[PDB]
Visitor: 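Structure provided below as structure tokens; questions to follow.
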Amino acid sequence: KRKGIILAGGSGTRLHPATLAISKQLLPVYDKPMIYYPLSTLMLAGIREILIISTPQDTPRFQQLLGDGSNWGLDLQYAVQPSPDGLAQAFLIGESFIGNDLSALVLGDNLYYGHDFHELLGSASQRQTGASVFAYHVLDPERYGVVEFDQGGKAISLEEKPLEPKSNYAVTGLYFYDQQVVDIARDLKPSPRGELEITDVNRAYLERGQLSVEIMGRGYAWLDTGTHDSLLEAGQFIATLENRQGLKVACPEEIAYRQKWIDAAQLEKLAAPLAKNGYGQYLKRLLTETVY
Amino acid sequence: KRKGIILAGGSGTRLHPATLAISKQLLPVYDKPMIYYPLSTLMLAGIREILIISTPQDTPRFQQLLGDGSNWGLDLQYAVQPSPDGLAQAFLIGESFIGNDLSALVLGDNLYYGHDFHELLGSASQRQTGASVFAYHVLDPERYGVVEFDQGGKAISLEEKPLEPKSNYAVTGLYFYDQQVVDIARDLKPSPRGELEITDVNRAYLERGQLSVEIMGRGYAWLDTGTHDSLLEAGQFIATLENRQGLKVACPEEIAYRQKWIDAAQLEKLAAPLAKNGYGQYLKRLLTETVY
Amino acid sequence: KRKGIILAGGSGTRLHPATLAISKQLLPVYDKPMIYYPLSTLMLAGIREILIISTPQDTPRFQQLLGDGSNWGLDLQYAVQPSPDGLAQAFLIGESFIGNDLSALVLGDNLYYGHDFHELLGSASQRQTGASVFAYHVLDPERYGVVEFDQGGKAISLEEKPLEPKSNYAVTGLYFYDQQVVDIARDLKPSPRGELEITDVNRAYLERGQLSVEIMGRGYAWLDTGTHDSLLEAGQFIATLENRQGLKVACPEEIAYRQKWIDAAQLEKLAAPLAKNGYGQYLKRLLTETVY
Amino acid sequence: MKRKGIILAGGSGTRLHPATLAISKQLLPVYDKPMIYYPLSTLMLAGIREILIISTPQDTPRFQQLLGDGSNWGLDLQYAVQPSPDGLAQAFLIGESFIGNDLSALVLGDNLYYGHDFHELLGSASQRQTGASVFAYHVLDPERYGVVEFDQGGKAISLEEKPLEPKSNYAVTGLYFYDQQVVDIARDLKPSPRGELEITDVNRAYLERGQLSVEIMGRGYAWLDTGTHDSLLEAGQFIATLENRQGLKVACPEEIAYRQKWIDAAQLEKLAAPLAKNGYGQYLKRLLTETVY
Ligand SMILES: Cc1cn([C@H]2C[C@H](O)[C@@H](COP(=O)(O)O)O2)c(=O)[nH]c1=O
Ligand SMILES: Cc1cn([C@H]2C[C@H](O)[C@@H](COP(=O)(O)O)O2)c(=O)[nH]c1=O
Ligand SMILES: Cc1cn([C@H]2C[C@H](O)[C@@H](COP(=O)(O)O)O2)c(=O)[nH]c1=O
Ligand SMILES: Cc1cn([C@H]2C[C@H](O)[C@@H](COP(=O)(O)O)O2)c(=O)[nH]c1=O
Ligand SMILES: Cc1cn([C@H]2C[C@H](O)[C@@H](COP(=O)(O)O)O2)c(=O)[nH]c1=O
Ligand SMILES: Cc1cn([C@H]2C[C@H](O)[C@@H](COP(=O)(O)O)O2)c(=O)[nH]c1=O
Ligand SMILES: Cc1cn([C@H]2C[C@H](O)[C@@H](COP(=O)(O)O)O2)c(=O)[nH]c1=O
Ligand SMILES: Cc1cn([C@H]2C[C@H](O)[C@@H](COP(=O)(O)O)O2)c(=O)[nH]c1=O
């Protein structure tokens, strides 16, 4: 069994005053809440039991939004991160939730999209030992954890926000772990930046030869809503795809149904109060149209 | 002396699920909350005393974001509209706030921008008798109150969301009134749509020969940010202007300073907590740069 | 070996006056000419010998832009389509070019993108019998050839621009054919719309049980620059991906180098004249950077 | 009084290659119509009917194919070649015969202006009969343009061309109005350090004589430059947003011609006919019966 975690807290200050009223992850991307996107990523990976970690103030907001998850065939739980003191804190806050299971962590403002994503997730998901992360070529690797490869394509180093990046491959905000992750996180000390760093957790696996680094090719989109510009671009990206296709991206209701976590009747009931708009009309359409 | 009202409620049904555990007029338009835009419009009209009317759920959210306005040299008050039963309800909810003063109403999701806008507003503000509204050419006039002109350019009729519009001129969501408006609203009955209609208020002034309809030229932008698509377009519009100019659109801090409602010391103190980002850095710059 | 055709002609009357000056397929999509995109698609399918068909006025302009292709390891040839009388005319105009070989046709204004695209292409291109086309879920199937599937997923009918589509699956503007296509096209007569239709070619194959319809999943982007709005959307889509990734979409120089059709020395020479710009700088970077 | 117009639509295309290998930047569409319609429309709105379009030797025939002699729009369009992009002031040398003994105006072919009361801002400048007039606009990146510095009283005191350390954030836009002194000023210029015959140097000549009028173009106007891939996209989106919202089109020369009475209703109807199967033609037709304020 693999349990999921969505880390959806974080500083806030960079995007104020936009984020003074609404935290990033509660800011919607085009037609649905930002959190739907990383949630749908965990769902597509086959994960149904998910811990949502947020700020003290947002945690109840997330509860109002998503509830216990039973509507979507999920088991959703909530915990608080008092201060954004590092991605790795997710494993300390989520220690009891994880128990003795495997796990996966996704960042609440990360938006993934592309063909054969289910396979990419599936292969990481099937690894019962070690950790798996994904490498994506970016313009600005200095903003991320950076993974360096040797001439043979083997991952050989990790550095967090390096002033002098060794490659243009960023480690994306999606991570799969075996049962070791909690104890690794328990042993970490704050970095210079003052954070309990996921890069340090991933490096612990790398130095034991237990880190799988999979390329996420250029045909995928991996976007982050970290800036005003990047939220706008992400919105435009989703809107172009949706309006071209007549399909919606990262609808949890759709994914639940396709995965047999909810049935047609359940789906019909979810669509009713959204009936007056495109999103409800869309869910109803799913009951009678085959989509490959 | 004119008091202002921002009517920022409305059914959110259309925009769900994007706006579920948050407020729709708190969504960013690019880089700042949507409500900053209409607020800035009233401020540019020389209005300091403003009543913000929203839903039971969202009114507290506005208060938390904007406070009493004193930081910006404003007097902000708040009131609740229990149910979205008409734009004209603003004048009933707002009756005691208005007192014996002139007034102006702007809708929370209306974004205006253009050259000489302060003159356009100044002109309506300086009419102490009757009402003033603005007509703007649109592609889909059936969505709005529509104003028909005679061959001489005189306004001759108003219809609310007509099936067969008599022109392509929509009445925008910005309205200036003398002391007759509360009494006119007091006497209204709900329409066939089942709403207490601002068009019926504007028609009451027109039937007495006391409605001024001013053309808002095609050089102005009048955007309505109340749909997912139109929110994205508005965001891009503001981003293009801001990044081209190195100026920000609709910063209340700037407008308050320019109007001498707050002094330099005050502006400096507002910028401090936003210092880490572009917005705080911008406010600081206004202290030592002349902008015409 | 399979030969390719890019049909890059067509009535421009729609996009006038924007295309009064230029053929639609010479307009840039963001940072490079539209024709680079379908050219790159053929290259990615392993096709090196390509006939570009355009109008009398433009064909020489395409020759000016692309030359004989030798610089990119290609064999580019040219032919004129006197009048835009149907997509199937490509096979009559290109009869001598195709000779006794397998072939592929791509429309000059079609932009495809997504993960594992080279696999989707290679599988169709490496078939040696029948015809292969791709079905993509769209909002507006009435604008395209539409494929209807039975309950088992088997394609059962094709209709060109039906007013009441039987599905939401459009046939995309990318077609792969065995040696039967020319004789099929020769027997066609103009449709009700006045055109020699590729849909009729594809039906001929379907009737013989020799049409392979492969799904192009929602993870792929299939865009059409046929309208002002859609060309703008496609530009933003490419811009977002490029700026995120620090990679460029559909650079023929890159693809030729990667396929080993040109070497490093040749790539370096192609970059030099573009060195003062981002595109040339990019081609240079590819010489010392490994991209997975 | 008549003013003659010049659109300088030449330039090194190297930057935008390969997008502009096929087409010159100034023929690329901004959303729905060719880039050059925009600065052409600016001149038209200023009351200028007689215009010289300057471009490279390769592009000159392309502009001539698109626009012709302008008679269909009530204009008198002429063409000339700039052999090499050796300075904006070259426009006055190349255009000397064309200008003759008249007032003149120069607009750059990739400059897009839009906003309320723009006709008034233009008419004020164009109706002056002395000196030069230019416009100052606040930008984020003044180092890309000519930059004007003001004193504490708002009077222009200096001009610098593409300064590494701008003295202000006010760029001089690519729209210039001149009296009959300009040709002789340009004739006396020598190339700058950038190796160009600079319009900034022409403008400084006027400033030194106290004959340069620098008018602020306020923040409510949009002044966009389509000279990069990103900027052309943003400009397209800007136009598309306004057009789709309004049901009106920006910088349609047929509309402006008709509104200025340079062509009549029958003429407009004929222009609409060949574009009728699209929205641009349908739009021209609509203008014959709808009053637009
Ligand atoms: C550092 C940190 C980030 N975050 C969130 C914000 C985004 O959803 C995500 C990315 O954060 P970042 O802005 O530091 O790159 O992780 C936390 O939730 N907690 C933390 O301690
Ligand atoms: C190799 C290569 C692929 N492509 C396109 C083909 C696809 O749409 C995508 C390949 O993505 P992938 O590596 O994730 O399968 O990139 C380029 O545009 N240029 C290239 O050089
Ligand atoms: C009808 C109504 C609208 N509104 C807000 C909703 C939008 O933000 C805007 C548009 O209203 P309308 O298009 O339904 O006339 O007005 C209220 O705040 N209260 C109301 O009673
Ligand atoms: C009259 C006219 C104006 N314009 C432009 C000029 C300004 O940018 C704008 C005029 O706006 P205004 O009517 O609000 O002053 O519209 C056109 O693009 N076409 C026209 O036919
Ligand atoms: C009908 C037709 C289209 N075309 C071109 C124009 C495009 O690249 C594409 C389809 O254009 P369309 O928007 O007119 O259907 O193929 C031709 O080259 N020849 C033709 O006979
Ligand atoms: C099945 C499904 C996939 N997706 C996303 C996941 C990947 O980003 C993408 C998969 O596309 P594919 O079918 O071409 O592999 O679509 C949804 O957004 N909703 C869904 O219901
Ligand atoms: C210098 C120069 C520029 N131009 C064009 C190029 C641009 O589109 C614009 C701005 O040029 P600039 O950025 O080099 O001052 O003017 C010419 O047509 N001829 C010239 O001699
Ligand atoms: C003074 C000021 C105006 N504006 C807006 C009001 C109008 O839409 C526009 C005025 O432009 P203008 O100076 O060209 O008349 O700018 C702000 O957004 N912030 C400000 O501080």
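Here is how names work: the chains are called A, B, and so on, in the same order as the sequence lines, proteins then strands, and each is numbered from 1. Only heavy atoms go into these numbers, but all of them, side chains included; no hydrogens, no water, no symmetry mates.
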Visitor: Quick one: which residues of residues 20-30 of chain C reach chain D at under 4.5 angstrom, heavy atoms only?
Guide: C:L20, C:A21, C:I22, C:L26, C:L27, C:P28, C:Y30

Visitor: In the structure I gave you, are the side-chain heavy atoms of D:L122 and D:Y113 within less than 4.5 Å of one another anywhere?
Guide: no

Visitor: Would you please go through residues 67-76 of chain C and name the residues with a non-hydrogen atom below 4.5 Å from one of chain D, in numerical order?
Guide: none

Visitor: Can you tell if the side chain of C:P141 reaches within under 4.5 Å of the side chain of C:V138, non-hydrogen atoms only?
Guide: yes

Visitor: What I'd like to find out is whether the side chain of D:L175 reaches to under 4.5 Å of the side chain of D:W223, using heavy atoms alone.
Guide: no

Visitor: Given that the side chain runs from C-beta out, which part of C:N243 has a heavy atom under 4.5 Å from chain D: side chain, backbone, both or neither?
Guide: side chain

Visitor: Quick one, D:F118 and D:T42 - any side-chain contact, counting heavy atoms below 4.5 Å?
Guide: yes

Visitor: Could you check whether C:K32 pairs with C:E253 (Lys NZ or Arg NE/NH1/NH2 to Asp/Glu carboxylate O, under 4.0 Å)?
Guide: no

Visitor: Check whether any side-chain N or O of D:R194 sits under 3.5 Å from a backbone N or O of D:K162 as a donor-acceptor pair, and report yes or no.
Guide: no

Visitor: What side-chain donor-acceptor pairs closer than 3.5 Å can you find for residues 264-278 of chain C, not counting sequence neighbours?
Guide:
| residue | atom | partner | partner atom | Å |
| --- | --- | --- | --- | --- |
| C:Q266 | OE1 | C:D263 | N | 3.0 |
| C:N277 | OD1 | C:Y279 | N | 2.7 |
| C:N277 | OD1 | C:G280 | N | 2.9 |
| C:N277 | ND2 | D:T14 | O | 3.1 |
| C:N277 | ND2 | D:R15 | O | 3.4 |
| C:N277 | ND2 | D:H17 | O | 2.9 |

Visitor: Can you check whether D:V250's main-chain N or O pairs, donor with acceptor, with D:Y114's side chain at less than 3.5 Å?
Guide: no

Visitor: So if I apply the side chain to side chain contact (heavy atoms under 4.5 Å, CB included) rule between D:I7 and each of D:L106, D:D110, D:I53, which one comes out positive?
Guide: D:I53

Visitor: Counting only N and O atoms by type, is there a donor-acceptor contact under 3.5 Å from the side chain of C:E195 to the main-chain atoms of C:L87?
Guide: no

Visitor: Quick check: do D:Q237 and C:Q236 have side-chain heavy atoms less than 4.5 Å from each other?
Guide: no

Visitor: To the nearest 0.5 Å, what is the distance between CG (D:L284) and CD (D:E255)?
Guide: 8.0 Å

Visitor: Can you confirm whether the side chains of C:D85 and C:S83 place a donor and an acceptor under 3.5 Å from each other?
Guide: yes

Visitor: Identify the residues of residues 53-66 of chain C whose heavy atoms come closer than 4.5 Å to a heavy atom of chain D, ordered by number, or report 'none'.
Guide: C:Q57, C:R61, C:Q64, C:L65

